[PDB]
Structures are given as C-alpha cells and as structure tokens.
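Heads up, the thing below is written out as structure tokens.
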Amino acid sequence: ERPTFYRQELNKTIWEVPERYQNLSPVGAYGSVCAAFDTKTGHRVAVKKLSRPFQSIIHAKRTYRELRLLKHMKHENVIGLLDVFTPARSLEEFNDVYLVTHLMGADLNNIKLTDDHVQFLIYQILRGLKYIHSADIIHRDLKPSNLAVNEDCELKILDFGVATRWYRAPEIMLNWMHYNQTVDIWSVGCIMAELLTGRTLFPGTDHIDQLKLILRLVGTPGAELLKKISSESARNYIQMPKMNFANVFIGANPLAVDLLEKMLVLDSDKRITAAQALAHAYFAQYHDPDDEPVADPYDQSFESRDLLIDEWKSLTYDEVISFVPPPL
Ligand SMILES: Nc1c(C(=O)NCc2ccc(C(=O)N[C@@H](CCC3CCCCC3)C(=O)Nc3ccc(F)cc3)cc2)cnn1-c1ccccc1
Numbered sequence: 004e005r006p007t008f009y010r011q012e013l014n015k016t017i018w019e020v021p022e023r024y025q026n027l028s029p030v033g034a035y036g037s038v039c040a041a042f043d044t045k046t047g048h049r050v051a052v053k054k055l056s057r058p059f060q061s062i063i064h065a066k067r068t069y070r071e072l073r074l075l076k077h078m079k080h081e082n083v084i085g086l087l088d089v090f091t092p093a094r095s096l097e098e099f100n101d102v103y104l105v106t107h108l109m110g111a112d113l114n115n116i121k122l123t124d125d126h127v128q129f130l131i132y133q134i135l136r137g138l139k140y141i142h143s144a145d146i147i148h149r150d151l152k153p154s155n156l157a158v159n160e161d162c163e164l165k166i167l168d169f170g183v184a185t186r187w188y189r190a191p192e193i194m195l196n197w198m199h200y201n202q203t204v205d206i207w208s209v210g211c212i213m214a215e216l217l218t219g220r221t222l223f224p225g226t227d228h229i230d231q232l233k234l235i236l237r238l239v240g241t242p243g244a245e246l247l248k249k250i251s252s253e254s255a256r257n258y259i260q265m266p267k268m269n270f271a272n273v274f275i276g277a278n279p280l281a282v283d284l285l286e287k288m289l290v291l292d293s294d295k296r297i298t299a300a301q302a303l304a305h306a307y308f309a310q311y312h313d314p315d316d317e318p319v320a321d322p323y324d325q326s327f328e329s330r331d332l333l334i335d336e337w338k339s340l341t342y343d344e345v346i347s348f349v350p351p352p353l
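In the authors' numbering, the protein residues as written are 4 to 30, 33 to 116, 121 to 170, 183 to 260, 265 to 353.
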C-alpha cells in the first residue's frame, strides 16, 4: 500500500517525499514549495510542505481548511489536489503535511496585454469564480499574484497566502459582516482594469486612502446606498462625482468598459455575479452555458467550530487517509 519515502535537506528544511517525486527544486516566496518530477505521470508538479501545520489552534484549523478546500476543487480554472501525503505511519507520528498540485508557469502579476488575452484571462477567472461561489466559498484575496497561467494562457485561481487592499471591495475595507460573494467580482474588476491599462487601478497606501481612491472613480454613495451602512464611523467617514469609465479606460474595447462598470459598483447588492458576468457580450467568443459547471456542495460547518489542536490534527489526518487521487 504505502510508498517508499526518501529524505533530503533543501533550505535547512527536511523534505521527506515518496520516491514517485524526483529532482525537487525550490520555486522561496510561495512558502516551502519545490518543483518536482512525478515519475507516475511523467509531468512536473509542485510539492508544498506545510510550515508548522499544528503549531497552534489557528495553524491547525488553517491546515485543515487548506486541505478541505483543495480536496473539494475539481475545476479547470481552480488549483486542484493531485496528491497529499505524510511520512507518518500513524496519527501518533503525524506532524508534516505535503500537498501536490500542478506546476504553473507564471503569476498574472508577472505578465501591454491585448484585448483578446484580457477577454480569455478574465473569462477563465469568472468561470472559476462561478464554480467557487456555487459551493458558497468566497476567495476574499483575489489579486494578480493569486492567479497563475501556463504558456498556453490556461489560468487557475489559487491562494498562496502586492497589497491585497488594492483589489479589496469597499464594503470589506472596514468591517467584514455585510458582504457577499461579489467582493471577489470587485477584485476581478480591479485586475481586469490593471490588465487593460498596465496600472494598479486603486494603489491606496492604507484602508482610508484606498476608500478615497475608489470613491474618486465610482463617486460618493447616493442616499440609496448611504442608508444601507450601519457603521457611524464608515458612514460619518464617507459623509464626489462618478467618473465616465469610457474617459478613464480610454481606447479600451467599449464592451470591457461596460463590464467594468457592472463589476466596480459600490452597492454589493447591485454588483454583477460571476454567472451573470459570463453571459456579458464581452465574452461572446468564450461563453458556453453548457461548459461553465457549478461545484458539489461544500461542508463549511467546521468554520464555526472552536476545537483543540489534536482535534484539528485528527480531522486533517482523516482527510489525508481518505484522499482519492484524480485520474491520469
Ligand atoms: N508556487 C506554485 C505552485 C504551488 O505552490 N503549489 C502548491 C499550492 C498552491 C496553492 C495552494 C492554495 O491555493 N491553497 C489555498 C486553498 C485553495 C484555494 C481556495 C479558494 C479558491 C482558490 C483555491 C489555501 O488554503 N491557501 C492559504 C491561504 C492562506 C493561508 F494562511 C493558508 C492557506 C496550495 C498549494 C504551483 N505552481 N506554482 C508556481 C510556479 C511558478 C510560478 C508561479 C506559480
């Protein structure tokens, strides 16, 4: 049943991996991540050694959460789990978790982009977000560095864990209660803007400067939206004119400007969803209602639980043991 592991020191870091994975080479920003050769598939992979996975309740829950989320994701435009392993033979000796994913070529932060490429890249993000959102999962940290492409411009959403705040929706700039899945659509708008102009749309130096730069584009809220804000601080802070997107994004595909106007809406209740955005004219070349799948249901009940490290650790171990490799 159990493979043969081999040990190796890489960054004064002990890596213990199955013989399956060869020629481990550190990729050191992304965490403890090595490019490896998978002798079973003949394809290169990424192997992530979780850092101090059971150091604390917080780490333990984070470890469990990352493994639960990765085991769930079965979509072309979302990072998926090829393998998860531990060198541990028992729950008793379980202290290290290794995750195996596809190796991606470059982050979108690395990559003048043509309108074709913007269309295809934002299409693939929305297709992935449709899937993630359908399981009631919110990304919450979409930014160029969390999006990866191969040379084929095939895109995957991931979360590696510059500034998040540049891409963050106004309604979660202060308090994290009154928000929905469309926080991720705001992020998609900021990314798409950047892809079209080669500039950060909203390079705020802090959470208040950020809100200033956003309002300068979308305009200060009307009475309609001001009435839906609970926080005296946030309301009293905000308490001018909406710019013509066609002026700001001069020379863009006018259909890219129209979609941007539907994505960068202050009122999160009126912001276009991933599903709706896919059906926008911009994506006429790439939209197929029969190849934009939704996810299986995702059991998120664990998010509400306050459990001990040994409880989170045992749950993670179960999820390692029950893992079913995807087909080749
Ligand atoms: N560097 C790499 C790799 C890698 O590193 N492969 C391992 C790998 C990657 C991502 C995840 C990952 O996305 N994990 C997510 C869960 C899943 C998401 C859920 C929401 C939707 C999108 C997927 C997570 O839980 N992150 C996390 C965030 C904050 C934390 F405090 C703790 C964890 C896990 C393992 C491949 N390719 N590359 C690569 C190489 C060269 C150039 C560019 C990229």
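Backbone N, C-alpha and C define an ideal beta-carbon position, used for all residues, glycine too.
Original post:
Ordered along the chain, which non-local residues of its own chain (more than five positions away) have a Cβ less than 8 Å from that of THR7?
Top reply: Non-local C-beta neighbours of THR7 in its own chain, meaning closer than 8 Å and more than five positions away in sequence, comprise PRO21, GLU22, ordered along the chain.
Original post:
Which first and last residues belong to the alpha helix (DSSP H) in which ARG73 is found?
Top reply: DSSP places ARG73 inside the alpha helix (DSSP H), whose first and last residues are 62 to 77.
Subject >> Reduced DSSP category for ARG149 - H, G, I as helix; E, B as strand; rest coil >> reply: In the displayed model, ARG149 falls within coil according to three-state DSSP, outside both helix and strand.
Subject >> In DSSP terms, what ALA157 is bridged to >> reply: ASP112, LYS165.
**OP:** Any chance you could list the alpha helix (DSSP H) runs of at least 4 consecutive residues sitting entirely within the segment 269 to 309, in chain order?
**Re:** As far as the segment 269 to 309 is concerned, its whole alpha helix (DSSP H) runs of at least 4 residues are 270 to 273, 279 to 288, 299 to 303.
Subject >> When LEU74, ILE63, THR91 are compared against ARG5, the one with the closest alpha-carbon >> reply: Here the closest residue by C-alpha is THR91.
**OP:** Give me the Cβ distance between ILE250 and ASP205, rounded to the nearest whole Å; I'm assuming they're in contact under 8 Å.
**Re:** The pair is not a contact, with the Cβ atoms about 21 Å apart (cut-off 8 Å).
Original post:
According to the neighbour-count rule (16 or more other Cβ atoms, all chains shown, within 10 Å of its Cβ), is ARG220 buried or exposed?
Top reply: By the neighbour-count rule (16 or more Cβ atoms within 10 Å), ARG220 is not buried but exposed.
Subject >> Euclidean distance between Cα positions of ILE84 and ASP150 >> reply: Computed Cα separation, rounded: 15 Å.
Original post:
At what residues does the beta strand (DSSP E) containing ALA51 begin and finish?
Top reply: In the DSSP assignment, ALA51 falls within the beta strand (DSSP E) that extends over 49 to 54.
**OP:** Determine the extent of the alpha helix (DSSP H) in which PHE129 is found, giving its start and end residues.
**Re:** 124 to 143 is the span of the alpha helix (DSSP H), which, as asked, contains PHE129.
Subject >> Local conformation of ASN257 per DSSP, three classes >> reply: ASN257: helix per DSSP, three-state reduction.
Subject >> Three or more C-beta pairs below 8 Å linking the segment 297 to 310 and the segment 128 to 143 >> reply: The segment 297 to 310 is in contact with the segment 128 to 143.
Original post:
With respect to 7 Å, is the separation between the Cβ of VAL209 and the closest non-hydrogen atom of ligand 1 below this value?
Top reply: Incorrect: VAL209 has no Cβ contact closer than 7 Å to ligand 1.
Original post:
What number of angstroms, rounded off, separates the C-alpha of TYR140 from the C-alpha of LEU87?
Top reply: Roughly 19 Å separates the two Cα atoms.
Original post:
Nearest-angstrom Cα distance between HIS142 and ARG186?
Top reply: Approximately 21 Å, taken between the alpha carbons.
Subject >> Where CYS39 falls, given that 16 or more other Cβ within 10 Å makes a residue buried >> reply: Buried, since its Cβ has 16 or more Cβ neighbours within 10 Å.
**OP:** Find out if the Cβ-Cβ distance for the pair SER293, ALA157 is shorter than 8 Å.
**Re:** No, the pair does not count as a contact, with Cβ atoms beyond the cut-off.
Original post:
Taking 7 Å as the cut-off, is the CB of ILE84 close to at least one heavy atom of ligand 1?
Top reply: True, at least one ligand heavy atom lies under 7 Å from that Cβ.
Original post:
Leaving out the 5 sequence neighbours to the left and right, which residues in its chain are closer than 6 Å to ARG296 when beta-carbon positions are compared?
Top reply: Same-chain partners within the cutoff: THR203, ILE206, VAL290.
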